[PDB]
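All Cβ positions, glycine included, derive from the backbone under ideal geometry; neighbour counts span all protein chains shown. Each answer follows from the model by the rule given with it, or from the source it names; these are not laboratory values.
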Amino acid sequence: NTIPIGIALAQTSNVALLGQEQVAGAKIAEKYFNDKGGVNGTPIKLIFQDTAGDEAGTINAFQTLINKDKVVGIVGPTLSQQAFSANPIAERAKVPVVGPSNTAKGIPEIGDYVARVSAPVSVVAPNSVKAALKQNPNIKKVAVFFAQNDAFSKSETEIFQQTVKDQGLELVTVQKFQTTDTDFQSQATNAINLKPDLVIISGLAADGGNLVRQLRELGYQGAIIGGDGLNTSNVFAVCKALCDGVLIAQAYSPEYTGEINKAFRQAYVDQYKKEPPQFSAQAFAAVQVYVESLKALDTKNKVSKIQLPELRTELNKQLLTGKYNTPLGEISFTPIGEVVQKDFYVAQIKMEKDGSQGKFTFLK
Ligand SMILES: [Mg+2]
């Protein structure tokens, strides 16, 4: 006998360039928590249902988890774009959702059953602009690019644009693209002709990486900031040596000294031979929220005896009140399901000259 928790993430499509890192974190969490006895002796069972890359696939995954798989709660989905369409399904069904990495403005406001462990674009994105200005105080002109078909990218670009203005910089252009585009010659050239000192990109991984590469190919030599959708080593294959120097804000640090992070990091490094990515840590933290909430609930009200609809409602109520020492640091929730989290960072892509290998170097 086990307690089923649904994991609805992008395991296929180009969205899996982000989703697979989340899956990795969730699987590490399952072993970590089950090795500690699960929920007061009862193992959890993560049930994975692939969302693919669109809204319909996410809705289908959620409905399957809720109805067929009888899950007590869902971790997911990968994208804010997917969350805005699918989360209302879970809200209506009174099934809790904990988003690992969705950072668009407005997600917890979807309803009483929607929470997230990822701080939103408003507190994550500005740090990377500040980091760029530290590395080059003479930046004056900024070109901004965003994926106009993606909800998170639109939310993130608004924050980047406001930060550029607040830092007293000149916004020379805002260029639009689609996440499904591979060619950006026209937008890149448009921006390059305006002589920017800094370029900021809000898109996802394949698109963001292709744009970074093309900017460099077309002769751009200035600074580049990538938003959260580019925050994966999966971009390395796309821009290769030309990824070098890209600045990306982080909501997780491998070097954070929390005991659980040490355990998580050690488990990750031993398996994957590199530091745990943000998306992996965030997924771990979302599973942790469910495990620790289930334990607290079970102690007060034995879960094996609670019928499913009431169990879901009580679990949702419980998780919102909890305090969690996670790989992301000590976190909790506001009454609306927004995360409370203290520390943020910026890292910079450092590629080896040959372009076949790289890493994220954390700025001090
Ligand atoms: Mg909420």
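Considering only residues that are closer than 30 Å to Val212 by Cα and aliphatic (A, V, I, L, M), which ones fall in segment 246-293?
Of everything in segment 246-293, those that are closer than 30 Å to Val212 by Cα and aliphatic (A, V, I, L, M) turn out to be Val246, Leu247, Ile248, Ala249, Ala251, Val269, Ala281, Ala283.
Hand me the list of strands (runs of 3 or more DSSP E) wholly inside segment 301-364 holding 1 or more residues that are farther than 29 Å from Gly41 by Cβ and either assigned by CATH to the domain that holds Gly25 or among the aromatic types (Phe, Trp, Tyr) (or both).
345-351, 358-362
State yes or no: is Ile44 more than 21 Å from the chain's Cα centre (by Cα), closer than 17 Å to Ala283 by Cα, surrounded by fewer than 23 Cβ atoms within 10 Å (Cβ to Cβ) and not basic (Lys, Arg)?
Taking the combined requirement at face value, the residue satisfies it.
Can you find a residue in segment 276-285 that is of a type outside the set (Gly, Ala, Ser), more than 16 Å from the ligand (Cβ to nearest atom), buried (at least 19 other Cβ atoms within 10 Å of the Cβ) and more than 30 Å from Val199 (Cα to Cα)?
Yes, segment 276-285 has at least one match.
Residues of segment 333-346 being touching a helix residue (DSSP H, G or I) at 6+ places or on another chain (Cβ under 9 Å) and either surrounded by 14 or more Cβ atoms within 10 Å (Cβ to Cβ) or of a type outside the set (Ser, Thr, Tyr) (or both), which ones?
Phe333, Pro335, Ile336, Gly337, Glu338, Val339, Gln341, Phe344, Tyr345, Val346
Tell me, which helices (runs of 4 or more DSSP H) lie completely within segment 67-160 with 3 or more residues that are within 16 Å of the ligand (Cβ to nearest atom) and in contact with a helix residue (DSSP H, G or I) (Cβ under 7 Å, 6 or more places away or on another chain)?
Because the criterion is at least 3 residues that are within 16 Å of the ligand (Cβ to nearest atom) and in contact with a helix residue (DSSP H, G or I) (Cβ under 7 Å, 6 or more places away or on another chain), the helices (runs of 4 or more DSSP H) in segment 67-160 that meet it are 80-93.
For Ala52, which of the numbered conditions (1) touching a residue at least 12 places away in the same chain (Cβ under 8 Å); (2) in a helix (DSSP H, G or I) fails to hold?
It fails just one condition, (2).
Please specify each residue of segment 72-97 satisfying the condition of being polar (S, T, N, Q) and either buried (at least 24 other Cβ atoms within 10 Å of the Cβ) or not assigned by CATH to the domain that holds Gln11 (or both).
Result: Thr78, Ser80, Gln81, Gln82, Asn87.
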